[PDB]
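See below for the structure under consideration.
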Amino acid sequence: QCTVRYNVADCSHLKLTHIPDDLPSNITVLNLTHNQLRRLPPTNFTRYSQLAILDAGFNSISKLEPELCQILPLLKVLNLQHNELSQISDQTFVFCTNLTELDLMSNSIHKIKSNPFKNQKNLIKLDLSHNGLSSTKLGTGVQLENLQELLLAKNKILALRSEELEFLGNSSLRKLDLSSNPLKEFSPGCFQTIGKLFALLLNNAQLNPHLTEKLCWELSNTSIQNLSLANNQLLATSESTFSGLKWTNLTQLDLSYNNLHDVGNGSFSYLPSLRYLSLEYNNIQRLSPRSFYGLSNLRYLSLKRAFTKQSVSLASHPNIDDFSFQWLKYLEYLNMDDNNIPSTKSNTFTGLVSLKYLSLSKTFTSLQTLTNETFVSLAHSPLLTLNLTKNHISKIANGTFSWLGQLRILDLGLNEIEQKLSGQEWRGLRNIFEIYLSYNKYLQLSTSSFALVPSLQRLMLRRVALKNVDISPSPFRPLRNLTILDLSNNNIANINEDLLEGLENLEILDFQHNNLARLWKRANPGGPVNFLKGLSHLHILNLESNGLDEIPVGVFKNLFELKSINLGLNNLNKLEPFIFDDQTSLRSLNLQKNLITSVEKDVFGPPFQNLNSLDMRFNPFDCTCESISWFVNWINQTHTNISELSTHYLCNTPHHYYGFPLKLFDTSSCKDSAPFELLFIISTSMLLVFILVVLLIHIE
Amino acid sequence: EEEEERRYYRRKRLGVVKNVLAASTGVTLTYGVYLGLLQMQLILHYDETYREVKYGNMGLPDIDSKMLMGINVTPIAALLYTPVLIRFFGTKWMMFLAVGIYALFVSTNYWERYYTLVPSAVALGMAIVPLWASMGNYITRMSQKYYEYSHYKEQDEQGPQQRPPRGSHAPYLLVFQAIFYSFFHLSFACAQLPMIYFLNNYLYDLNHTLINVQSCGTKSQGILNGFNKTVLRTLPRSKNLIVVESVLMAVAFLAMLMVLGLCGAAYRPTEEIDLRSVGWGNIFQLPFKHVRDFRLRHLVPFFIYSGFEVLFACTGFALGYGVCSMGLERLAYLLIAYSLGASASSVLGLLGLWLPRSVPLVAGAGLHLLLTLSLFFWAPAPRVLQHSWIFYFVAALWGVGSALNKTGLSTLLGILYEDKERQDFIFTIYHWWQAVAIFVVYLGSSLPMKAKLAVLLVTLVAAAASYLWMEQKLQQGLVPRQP
Ligand SMILES: *[C@@H]1O[C@H](CO)[C@@H](O[C@@H]2O[C@H](CO)[C@@H](O[C@@H]3O[C@H](CO)[C@@H](O)[C@H](O)[C@@H]3O)[C@H](O)[C@H]2NC(C)=O)[C@H](O)[C@H]1NC(C)=O
Ligand SMILES: *[C@@H]1O[C@H](CO)[C@@H](O[C@@H]2O[C@H](CO)[C@@H](O)[C@H](O)[C@H]2NC(C)=O)[C@H](O)[C@H]1NC(C)=O
Ligand SMILES: *[C@@H]1O[C@H](CO)[C@@H](O[C@@H]2O[C@H](CO)[C@@H](O)[C@H](O)[C@H]2NC(C)=O)[C@H](O)[C@H]1NC(C)=O
Ligand SMILES: *[C@@H]1O[C@H](CO)[C@@H](O[C@@H]2O[C@H](CO)[C@@H](O)[C@H](O)[C@H]2NC(C)=O)[C@H](O)[C@H]1NC(C)=O
Ligand SMILES: *[C@@H]1O[C@H](CO)[C@@H](O[C@@H]2O[C@H](CO)[C@@H](O)[C@H](O)[C@H]2NC(C)=O)[C@H](O)[C@H]1NC(C)=O
Ligand SMILES: *[C@@H]1O[C@H](CO)[C@@H](O)[C@H](O)[C@H]1NC(C)=O
Ligand SMILES: *[C@@H]1O[C@H](CO)[C@@H](O)[C@H](O)[C@H]1NC(C)=O
Ligand SMILES: *[C@@H]1O[C@H](CO)[C@@H](O)[C@H](O)[C@H]1NC(C)=O
Ligand SMILES: *[C@@H]1O[C@H](CO)[C@@H](O)[C@H](O)[C@H]1NC(C)=O
Ligand SMILES: *[C@@H]1O[C@H](CO)[C@@H](O)[C@H](O)[C@H]1NC(C)=O
Ligand SMILES: *[C@@H]1O[C@H](CO)[C@@H](O)[C@H](O)[C@H]1NC(C)=O
Ligand SMILES: *[C@@H]1O[C@H](CO)[C@@H](O)[C@H](O)[C@H]1NC(C)=O
Ligand SMILES: *[C@@H]1O[C@H](CO)[C@@H](O)[C@H](O)[C@H]1NC(C)=O
Ligand SMILES: *[C@@H]1O[C@H](CO)[C@@H](O)[C@H](O)[C@H]1NC(C)=O
């Protein structure tokens, strides 16, 4: 029936109506979600009176039995969400003292005219959301001493009187939720009745400028820290709008989904302690230097989708004036993702002495070509992470990134760059660590491309149509500290031997979809290129979908630290022996959708010793003893992880074993199983010795 | 002292008869093991599963054909190097060496590889003919010794010191060769032990292995023109295979040891020096110079017919007619029925002592003639199981005819020549012609029908056989003298 694990009772999706009694009596968790209980009989909980938490959500209870709280004195978490509790009485929770968390997320409660929260002095979290409450009054006198989280969202509250909040005389309230309620007016002195207010949420509250102005004046002389006005009707902000918030020590402010037409000058001046600011998903048309005045302690700011939309009917581009963020000296994280700014001006980012993280993905629709004078504003800022994906970049000028000396992570991926990599573009990046050039249109490598950047550790060339890679010396040679190198979907037919030489720090290598069949097989200039010469610290290796039909012996020599090999979607059929001898620390090996026919010990011994997981489905095995006897004997005994073992492991040959699973293959009727090898030699020796001895004896 | 000599010669006769029985049982066990292993290897190699799964790219048909050719063509070199070799080793010693070569062929079947199975086949083809030659010489000389001891006991002074028998050792040779050939034919049934107990339960019914058979019986066009690719329903476990082959090797070694222990010694060092006094340069040409004999020129077709009919009973019947209706499930039954028929005809011909010599011989051939008629017009349907007793009927009749003809040939060849070198020479020539007949029938495979040649040969030998007897009564007078 109900699943029991460690002091829990998973009795959810079973469609049970009555109270089960087969659960152990030393249990402390009861999960009854998505059931059809009508009520909770306070007589059947005697057997497991040591219940700690109770979960009776997603049901249809109409009334709660007060005895339910005195017969189990260990009840701390009570949860009645999505039930049909009609009215709450006075004596319902009058015996319930050990209560800590009460969840009434949906009961359609309209009016409460009693003091039900008088004895639950240990209550911490209260939830009366998605109900029909019209007033925040929960009683007459001061109660709920240890109340910290009170949720009253999705109600029909129309006013916040000062008398209906007096029960919070000295209760350290931490989080208060009044979202999804159309409040029309705020009574004076209502928030002052609360002892301590830390967080306050009014998401989708349908406020106006005058409404939030009166709220800000009401929210004076309190300890509020986090404020959220998301999904609101705040069309425009003014200086007097946020005038009330100057006295309190505000920490986090949220303005999201307000459709803000513009920001008034100095509207954020009265707030000096703002640290986290959110302007996501607005329609700001103009920015001004005086707009952001007064934000000295600002450290977190996001402008994602904050500007004017595309507007196909009428072409409009939001313009930002120079010195817009000069007052923000303490800013650390700045984000303007998915914007419609035309380009970067000369002094847009001037004044940010402490800017560290900046994300500019899809911000500029007409940037196209970068210039050395484009990033001049960010010269005095020690940037650590910069993002330029989805920017439709096409060209890069000389010395564009020279101003950004302390840059560490740089992203140029998902662009249409069509230029040759001369090498002068990376000038000034002494402390750069990661470069993202994936999904670019067309590039050309050069010998001095990455010479100015020896400290590089990560480089990505996924889908770039790389060319001129086979040149001497190797362009990747100065990358002494290169750790992760990723080049896939380049279709590079010819690769020189000197490439990836001296790369001792190389650990991860990706080589998918580059067509390496012609280079290895039997090369016309000579032999196998074996570009994996001194990559000793290589850990993860991938060579999938290159169409290789054979593996030359000696390419994996001196590869001790190698852990993972991916050779799927290849055309290999015959494997030379002693190719995986150095692969003694192998963990994962993938050979799927190949032409592998036979798996032999002399080839697969060393790797299979400590192999962890293996994938070899979609392969045409030859179901013969000499072919797969050791393979079946190993896969039978070993405990390594095999994915889709009895499903996608089939044998094409012989015709008698066509479409037969490999696991059902029997190796008892094989030559290596029976000892006739030794029996033949011993019988032949004995018989020859007997015949010869008796013939030489009886002759003489 | 009369009764002491009585006991002495009684022990001598008992030793003679026990060595005769030992040689007979050794022939039985050796030939049974050889036929059983050969049949098991030929059947286990006619499928795709056991060929590709166990071996794969080792070329099973190629090595099988090479084994067959090495067994069938080596008798030529065997004849070329048998007389001097038999007189070197001895009568019983070549017997022992040939049994050892047979056991070697059985031993090299475990691993089954070119360089270990092809030399075994060559040695088997080299030892097959001299084995039978020395066997016949040994059994006939021991019958002669039995008769001479009996007539020395019954006639002390009336029996001459030189030339005791004078063509009168027939009653003591008939009863020996009859039991010898009955045991040699019971070997054919003993060979069917591994198939019945281990191989008969691993192949499926005839409804699938006999599908592509549109013409059988008189319309064969080969040994097996129509047959399925595979015949085993399941792969045989290697443990049962090694068990049955170890039992075969054990019974072969038991036959080896019992032959060595109960054959004694019948070479007689005095007669050994006598035969050595002939020389080594003239013994090589004497069997070839013996072509001028009046009896061999007419008895050679008889040997050819004996070989032809024995190979027809071995393969021409089991794989030509018995495979028509039923598959390989009742082939061993037909083989053991043929063996019991031959064993019964052995004593049936033993009972033919009062009648003169060449009475049943041609009659036996005549039997084949009658059988040949039933083997010419009647053609059984492959896809029916109506009449199955007729197969066992013809098998028993062919066994009767074959055993009668073989024992008659043996007794006539032992009676016409009484000298030791004559015995060895005539037995060698007869067995060489039999081996040539076997080799010709081997070349006679994949042919439309071998019945017309068989019947013409039986009609050429009946008249010929009678012909030889019609001149011995009129005193023609001719005998090769090469002392
Ligand atoms: C610069 O910004 C871009 C875009 O915000 C960052 O791209 C993000 O890269 C991660 C890592 O691949 C993506 O996570 C993965 O997404 C794929 C779907 O594409 C999903 O299947 C994976 O399970 C994983 O979640 C992430 O989606 C992607 N962002 C977007 C919007 O697609 C990039 O990482 C940034 N550069 C940095 C931080 O250096
Ligand atoms: C950005 O690059 C341009 C072009 O490379 C620089 O323009 C040069 O300016 C100097 C003095 O202002 C002139 O003497 C050159 O003739 C200009 N063109 C060149 C060098 O090709 C511009 O100065 C660079 N910006 C900065 C800040 O260095
Ligand atoms: C950016 O710098 C590169 C330096 O690599 C310049 O390319 C060189 O231009 C000179 C001028 O003739 C050539 O002699 C060199 O062979 C070029 N080097 C390479 C590697 O191609 C490039 O001209 C500069 N571009 C700008 C706009 O200043
Ligand atoms: C490659 O990485 C190593 C390891 O960090 C760098 O060696 C450091 O160099 C700095 C600068 O002199 C020293 O302060 C550190 O003590 C060095 N660390 C070690 C472990 O030796 C090396 O400089 C890097 N190479 C490049 C070209 O950036
Ligand atoms: C050997 O026997 C098998 C069956 O035991 C034959 O396979 C059959 O082939 C026909 C040809 O159309 C199919 O209709 C049947 O479904 C097959 N039976 C199976 C697969 O069980 C095979 O053709 C025979 N081969 C010969 C040469 O006679
Ligand atoms: C009760 O179970 C549901 C679904 O299995 C789960 O979402 C919920 O977190 C569980 N609650 C407790 C208190 O275990
Ligand atoms: C709460 O539970 C404890 C533990 O059983 C019990 O002793 C106490 O009486 C209960 N009620 C309280 C503390 O009001
Ligand atoms: C909280 O206020 C009540 C009266 O409103 C008082 O009785 C109680 O002592 C106060 N508690 C603290 C800790 O000040
Ligand atoms: C207020 O916001 C800060 C920053 O996001 C967070 O660390 C803190 O936990 C929040 N406090 C509350 C009560 O939500
Ligand atoms: C609010 O705090 C300020 C600063 O201490 C003080 O001047 C003012 O009188 C306070 N107002 C109220 C209503 O407490
Ligand atoms: C802000 O100042 C600019 C420049 O003086 C002016 O054009 C704009 O109208 C001002 N905005 C407000 C809301 O006062
Ligand atoms: C193999 O499976 C076990 C058990 O599911 C798991 O703990 C382990 O992480 C797996 N290893 C790999 C390499 O997937
Ligand atoms: C090997 O296979 C057999 C039958 O498929 C199975 O019973 C046995 O458990 C397997 N070996 C191991 C170690 O699981
Ligand atoms: C199997 O063989 C028997 C032989 O008597 C026959 O009667 C039966 O019809 C066959 N079954 C088939 C061909 O399905």
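Residues in the structure tokens are numbered from 1 in each chain, the chains being A, B, ... in the order shown, and ligands are numbered from 1 in the order shown.
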Quick one: residues within 8 Å of residue 94 (chain A), only C-alpha atoms counted, chain neighbours fewer than 5 positions away excluded, as a PyMOL selection string? chain A and resi 66+116-119
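Within the 9 Å cut-off around region 654-662 of chain A, using only C-alpha atoms and omitting residues fewer than 3 positions from it on the same chain, the listed residues are residues 621, 622, 623, 624, 632, 645, 646, 647, 648, 649, 650, 651, 665 and 666 of chain A; 48, 49, 52 and 53 of chain B.
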Dump as a PDB file, in the first residue's frame, selection limited to N, CA and C atoms:
ATOM      1  N   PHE A 621      27.514  -7.477 -34.102  1.00  0.00           N
ATOM      2  CA  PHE A 621      28.413  -8.492 -33.574  1.00  0.00           C
ATOM      3  C   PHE A 621      28.299  -9.788 -34.369  1.00  0.00           C
ATOM      4  N   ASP A 622      29.404 -10.525 -34.424  1.00  0.00           N
ATOM      5  CA  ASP A 622      29.429 -11.869 -34.986  1.00  0.00           C
ATOM      6  C   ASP A 622      29.266 -12.865 -33.845  1.00  0.00           C
ATOM      7  N   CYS A 623      28.104 -13.516 -33.785  1.00  0.00           N
ATOM      8  CA  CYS A 623      27.766 -14.401 -32.670  1.00  0.00           C
ATOM      9  C   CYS A 623      28.449 -15.749 -32.873  1.00  0.00           C
ATOM     10  N   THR A 624      29.772 -15.744 -32.714  1.00  0.00           N
ATOM     11  CA  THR A 624      30.574 -16.957 -32.767  1.00  0.00           C
ATOM     12  C   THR A 624      31.451 -17.035 -31.526  1.00  0.00           C
ATOM     13  N   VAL A 632      31.377 -12.332 -23.878  1.00  0.00           N
ATOM     14  CA  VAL A 632      30.204 -12.773 -23.128  1.00  0.00           C
ATOM     15  C   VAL A 632      30.606 -13.231 -21.730  1.00  0.00           C
ATOM     16  N   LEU A 645      21.106  -3.243 -22.232  1.00  0.00           N
ATOM     17  CA  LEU A 645      21.881  -4.454 -22.477  1.00  0.00           C
ATOM     18  C   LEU A 645      21.111  -5.443 -23.345  1.00  0.00           C
ATOM     19  N   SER A 646      19.946  -5.887 -22.882  1.00  0.00           N
ATOM     20  CA  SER A 646      19.191  -6.930 -23.563  1.00  0.00           C
ATOM     21  C   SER A 646      18.287  -6.402 -24.669  1.00  0.00           C
ATOM     22  N   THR A 647      18.353  -5.111 -24.988  1.00  0.00           N
ATOM     23  CA  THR A 647      17.460  -4.514 -25.974  1.00  0.00           C
ATOM     24  C   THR A 647      18.149  -4.203 -27.298  1.00  0.00           C
ATOM     25  N   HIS A 648      19.246  -3.446 -27.269  1.00  0.00           N
ATOM     26  CA  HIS A 648      19.900  -2.981 -28.484  1.00  0.00           C
ATOM     27  C   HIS A 648      21.178  -3.744 -28.811  1.00  0.00           C
ATOM     28  N   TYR A 649      21.435  -4.864 -28.141  1.00  0.00           N
ATOM     29  CA  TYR A 649      22.591  -5.703 -28.433  1.00  0.00           C
ATOM     30  C   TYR A 649      22.131  -6.895 -29.262  1.00  0.00           C
ATOM     31  N   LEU A 650      22.327  -6.816 -30.577  1.00  0.00           N
ATOM     32  CA  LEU A 650      21.855  -7.840 -31.497  1.00  0.00           C
ATOM     33  C   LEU A 650      23.024  -8.389 -32.300  1.00  0.00           C
ATOM     34  N   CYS A 651      22.793  -9.545 -32.920  1.00  0.00           N
ATOM     35  CA  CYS A 651      23.786 -10.215 -33.755  1.00  0.00           C
ATOM     36  C   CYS A 651      23.231 -10.326 -35.171  1.00  0.00           C
ATOM     37  N   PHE A 665      23.315 -15.424 -25.811  1.00  0.00           N
ATOM     38  CA  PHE A 665      24.321 -16.284 -26.420  1.00  0.00           C
ATOM     39  C   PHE A 665      24.999 -17.135 -25.352  1.00  0.00           C
ATOM     40  N   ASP A 666      25.157 -18.421 -25.649  1.00  0.00           N
ATOM     41  CA  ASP A 666      25.731 -19.383 -24.717  1.00  0.00           C
ATOM     42  C   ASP A 666      27.153 -19.713 -25.154  1.00  0.00           C
TER      43      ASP A 666
ATOM     44  N   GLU B  48      25.709 -24.919 -40.336  1.00  0.00           N
ATOM     45  CA  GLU B  48      26.319 -23.597 -40.256  1.00  0.00           C
ATOM     46  C   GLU B  48      26.678 -23.220 -38.824  1.00  0.00           C
ATOM     47  N   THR B  49      25.876 -23.663 -37.853  1.00  0.00           N
ATOM     48  CA  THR B  49      26.087 -23.268 -36.464  1.00  0.00           C
ATOM     49  C   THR B  49      27.408 -23.811 -35.929  1.00  0.00           C
ATOM     50  N   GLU B  52      30.516 -22.241 -38.024  1.00  0.00           N
ATOM     51  CA  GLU B  52      30.889 -20.837 -37.904  1.00  0.00           C
ATOM     52  C   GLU B  52      31.052 -20.390 -36.456  1.00  0.00           C
ATOM     53  N   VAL B  53      30.255 -20.935 -35.537  1.00  0.00           N
ATOM     54  CA  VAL B  53      30.322 -20.498 -34.147  1.00  0.00           C
ATOM     55  C   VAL B  53      31.570 -21.053 -33.473  1.00  0.00           C
TER      56      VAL B  53
END
Output as a PyMOL selection string all residues of region 574-616 of chain A that backbone DSSP marks as strand (DSSP E or B). chain A and resi 588-590+613-615
Would you list the residues that come within 10 Å of ligand 1? Count only C-alpha atoms and all ligand atoms and give the answer as a ChimeraX atom specification. /A:337-338,357-362,385-390,408-414,434-436
File dump, residues just selected, C-alpha atoms, as a PDB file, in the first residue's frame:
ATOM      1  CA  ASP A 337      20.614  41.017 -21.834  1.00  0.00           C
ATOM      2  CA  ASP A 338      18.189  41.004 -24.782  1.00  0.00           C
ATOM      3  CA  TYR A 357      30.719  41.259 -14.119  1.00  0.00           C
ATOM      4  CA  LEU A 358      29.026  42.490 -17.300  1.00  0.00           C
ATOM      5  CA  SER A 359      26.634  40.569 -19.562  1.00  0.00           C
ATOM      6  CA  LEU A 360      25.854  42.065 -22.979  1.00  0.00           C
ATOM      7  CA  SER A 361      24.196  39.181 -24.844  1.00  0.00           C
ATOM      8  CA  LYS A 362      21.711  40.325 -27.515  1.00  0.00           C
ATOM      9  CA  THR A 385      33.442  38.343 -17.073  1.00  0.00           C
ATOM     10  CA  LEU A 386      32.131  39.743 -20.359  1.00  0.00           C
ATOM     11  CA  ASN A 387      29.431  38.250 -22.595  1.00  0.00           C
ATOM     12  CA  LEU A 388      28.818  39.105 -26.265  1.00  0.00           C
ATOM     13  CA  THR A 389      26.739  36.196 -27.592  1.00  0.00           C
ATOM     14  CA  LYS A 390      23.775  36.720 -29.940  1.00  0.00           C
ATOM     15  CA  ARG A 408      39.241  36.858 -17.368  1.00  0.00           C
ATOM     16  CA  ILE A 409      36.241  35.248 -19.120  1.00  0.00           C
ATOM     17  CA  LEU A 410      35.373  36.425 -22.637  1.00  0.00           C
ATOM     18  CA  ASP A 411      32.539  35.125 -24.827  1.00  0.00           C
ATOM     19  CA  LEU A 412      32.218  35.777 -28.571  1.00  0.00           C
ATOM     20  CA  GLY A 413      30.059  32.761 -29.399  1.00  0.00           C
ATOM     21  CA  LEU A 414      26.879  32.577 -31.472  1.00  0.00           C
ATOM     22  CA  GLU A 434      38.439  31.413 -21.168  1.00  0.00           C
ATOM     23  CA  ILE A 435      37.596  32.398 -24.751  1.00  0.00           C
ATOM     24  CA  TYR A 436      34.285  31.322 -26.317  1.00  0.00           C
TER      25      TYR A 436
END
Which residue gives the smallest distance to ligand 2 among A:376, A:68, A:625, A:78, with only C-alpha atoms and all ligand atoms counted? A:376
Around ligand 11, which protein and nucleic acid residues have at least one atom no more than 10 Å from it, if we count only C-alpha atoms and all ligand atoms? List them as a list in words. residues 236, 237, 238, 239, 262, 263, 264, 265, 266, 267, 286, 287, 288, 289, 290 and 291 of chain A
Give me, as JSON, numbers by chain, the set of residues whose atoms come within 9 Å of any atom of ligand 8, counting only C-alpha atoms and all ligand atoms. {"A": [141, 142, 143, 145, 167, 168, 169, 170, 171]}
Selection from above, N, CA and C atoms, as a compact mmCIF listing (two decimals), in the first residue's frame, can you write it?
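Result file is part_22.txt:
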# COMPACT_ATOMS: atom_id res chain seq x y z
N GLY A 141 -6.45 40.47 20.51
CA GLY A 141 -5.26 40.86 21.25
C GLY A 141 -3.98 40.46 20.55
N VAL A 142 -2.86 40.89 21.13
CA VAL A 142 -1.55 40.58 20.58
C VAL A 142 -1.27 39.09 20.77
N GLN A 143 -0.95 38.41 19.68
CA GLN A 143 -0.68 36.98 19.71
C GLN A 143 0.35 36.65 18.64
N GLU A 145 3.61 35.00 19.06
CA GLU A 145 4.85 35.56 19.57
C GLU A 145 6.03 35.26 18.65
N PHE A 167 -2.25 42.90 16.40
CA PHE A 167 -1.85 41.65 17.04
C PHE A 167 -0.38 41.32 16.85
N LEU A 168 0.30 42.00 15.92
CA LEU A 168 1.76 41.91 15.80
C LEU A 168 2.44 42.99 16.63
N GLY A 169 2.24 42.94 17.95
CA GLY A 169 2.83 43.94 18.82
C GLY A 169 4.35 43.86 18.86
N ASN A 170 4.88 42.68 19.17
CA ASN A 170 6.33 42.47 19.21
C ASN A 170 6.67 41.10 18.64
N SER A 171 6.36 40.91 17.36
CA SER A 171 6.64 39.68 16.64
C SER A 171 7.59 39.98 15.48
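For the residues B:46, B:253, B:184, B:138, ranking by smallest atom-to-atom distance to chain A using only C-alpha atoms places B:253 first.
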Helix (DSSP H, G or I) residues, from DSSP on the backbone, in region 204-441 of chain B, as a PyMOL selection string: chain B and resi 206-209+238-262+269-276+286-292+296-316+331-350+360-374+389-416+420-441
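Near residue 330 (chain B), within a cut-off of 12 Å and counting only C-alpha atoms, sit the residues residues 192, 195, 196, 199, 200, 201, 203, 205, 206, 318, 319, 321, 322, 323, 324, 325, 326, 334, 335, 336, 337, 385, 388, 389, 391 and 392 of chain B, with same-chain residues fewer than 4 positions away left out.
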Compute the chain B side of the contact with chain A at 10 Å, counting only C-alpha atoms, and hand it back as a count of residues only. 42
Identify, counting only C-alpha atoms and all ligand atoms, the protein, DNA and RNA residues located within 12 Å of ligand 2, and give them as JSON, numbers by chain. {"A": [346, 370, 371, 372, 373, 374, 375, 376, 377, 379, 396, 397, 398, 399, 400, 401, 402, 403, 424, 425]}
How would you write, as a VMD selection string, the set of residues no farther than 9 Å from ligand 12 when counting only C-alpha atoms and all ligand atoms? chain A and resid 587 to 588 611 to 614 639 to 642
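With only C-alpha atoms and all ligand atoms counted, the chains near ligand 6 contribute these residues within 9 Å: residues 8, 9, 10, 11, 12, 13, 29, 30, 31, 32, 33, 34, 53, 54, 55, 56, 57, 77 and 79 of chain A.
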Using N, CA, C and O atoms, can you write the selected residues to a file as a tab-separated table (two decimals), in the first residue's frame?
chain	number	residue	atom	x	y	z
A	8	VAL	N	9.41	7.73	7.07
A	8	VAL	CA	8.47	8.42	6.19
A	8	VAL	C	7.45	7.43	5.67
A	8	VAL	O	7.66	6.21	5.70
A	9	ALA	N	6.32	7.96	5.20
A	9	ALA	CA	5.21	7.16	4.68
A	9	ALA	C	4.78	7.76	3.35
A	9	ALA	O	3.91	8.64	3.30
A	10	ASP	N	5.37	7.27	2.26
A	10	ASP	CA	5.00	7.70	0.92
A	10	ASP	C	3.69	7.02	0.55
A	10	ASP	O	3.68	5.90	0.03
A	11	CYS	N	2.57	7.69	0.82
A	11	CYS	CA	1.23	7.16	0.58
A	11	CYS	C	0.42	8.17	-0.22
A	11	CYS	O	-0.71	8.52	0.13
A	12	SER	N	1.00	8.65	-1.32
A	12	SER	CA	0.39	9.71	-2.11
A	12	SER	C	-0.52	9.17	-3.20
A	12	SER	O	-1.73	9.00	-2.98
A	13	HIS	N	0.04	8.91	-4.38
A	13	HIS	CA	-0.75	8.55	-5.56
A	13	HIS	C	-1.21	7.09	-5.47
A	13	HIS	O	-0.79	6.21	-6.22
A	29	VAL	N	6.67	10.79	9.75
A	29	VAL	CA	6.26	11.52	8.55
A	29	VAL	C	5.05	10.81	7.95
A	29	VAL	O	5.04	9.58	7.82
A	30	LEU	N	4.04	11.59	7.57
A	30	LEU	CA	2.82	11.06	6.95
A	30	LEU	C	2.49	11.92	5.75
A	30	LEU	O	2.11	13.09	5.91
A	31	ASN	N	2.63	11.36	4.55
A	31	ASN	CA	2.40	12.08	3.30
A	31	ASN	C	1.13	11.53	2.65
A	31	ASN	O	1.13	10.42	2.10
A	32	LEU	N	0.05	12.31	2.71
A	32	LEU	CA	-1.22	11.93	2.09
A	32	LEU	C	-1.66	12.96	1.06
A	32	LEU	O	-2.64	13.68	1.28
A	33	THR	N	-0.95	13.04	-0.06
A	33	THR	CA	-1.29	13.99	-1.10
A	33	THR	C	-2.02	13.30	-2.25
A	33	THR	O	-1.75	12.13	-2.57
A	34	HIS	N	-2.95	14.02	-2.86
A	34	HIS	CA	-3.74	13.54	-3.99
A	34	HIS	C	-4.52	12.28	-3.63
A	34	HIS	O	-4.40	11.23	-4.25
A	53	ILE	N	5.47	15.30	11.52
A	53	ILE	CA	4.90	16.17	10.50
A	53	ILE	C	3.72	15.46	9.85
A	53	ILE	O	3.67	14.23	9.81
A	54	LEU	N	2.76	16.24	9.36
A	54	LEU	CA	1.56	15.72	8.72
A	54	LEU	C	1.34	16.45	7.41
A	54	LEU	O	1.44	17.68	7.34
A	55	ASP	N	1.03	15.69	6.36
A	55	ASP	CA	0.78	16.23	5.02
A	55	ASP	C	-0.55	15.66	4.54
A	55	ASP	O	-0.62	14.49	4.14
A	56	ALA	N	-1.59	16.48	4.57
A	56	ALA	CA	-2.93	16.10	4.11
A	56	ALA	C	-3.42	17.05	3.03
A	56	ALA	O	-4.59	17.45	3.01
A	57	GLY	N	-2.54	17.41	2.10
A	57	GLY	CA	-2.92	18.30	1.03
A	57	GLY	C	-3.50	17.58	-0.17
A	57	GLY	O	-3.37	16.36	-0.32
A	77	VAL	N	4.56	20.15	11.95
A	77	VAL	CA	4.27	20.67	10.62
A	77	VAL	C	2.91	20.14	10.20
A	77	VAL	O	2.73	18.93	10.02
A	79	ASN	N	-0.11	20.64	7.30
A	79	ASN	CA	-0.25	21.14	5.94
A	79	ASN	C	-1.61	20.70	5.39
A	79	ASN	O	-1.84	19.51	5.18
Which distance in Å separates CA of residue 45 (chain B) and CA of residue 68 (chain B), to one decimal? 13.3 Å
